[PDB]
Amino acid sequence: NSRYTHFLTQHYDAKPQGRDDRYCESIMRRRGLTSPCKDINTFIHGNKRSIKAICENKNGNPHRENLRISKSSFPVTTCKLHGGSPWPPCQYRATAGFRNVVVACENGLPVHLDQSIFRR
């Protein structure tokens, strides 16, 4: 999947520093999500092997018929736009957690992250 590599650029960070507000503003810039400022974006941490495994029994179960929910929890960081302005420089607030994730899978690869679960 070109979709998988895209999912990775939008939602995967193997080496997060701080996972604080400073981290969010920096990563959102690095991943090209500041033109205009994405309103919310979650990054998953850890190794890619475990995220891929959500698409199979190894680390997932079916969810909402057509999605997958992880067996394991993952370190995550949700970056939420702060201050209203949709143009850079973008201000973000970080919410770090350790929780299961829901993805859509195509051909054994995650291609979409369900953002709805990180609003809460």
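Quick note: we count residues from 1 along the sequence shown, nothing fancier.
- Stretches 16 to 24 and 106 to 114 differ in mean C-alpha B factor, with the higher average recorded for 106 to 114.
- Checked against the record, the higher mean CA B factor of 93 to 101 and 5 to 13 lies with 5 to 13.
- Which of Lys71, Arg29, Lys80, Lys48 has the largest Cα B-factor in the deposited entry comes down to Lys48.
- Note on the listed residues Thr34, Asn59, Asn66, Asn41: the highest Cα temperature factor in the record is that of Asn66.
- Among all modelled residues in this chain, the alpha-carbon of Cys55 has a temperature factor (C-alpha) in the highest third.
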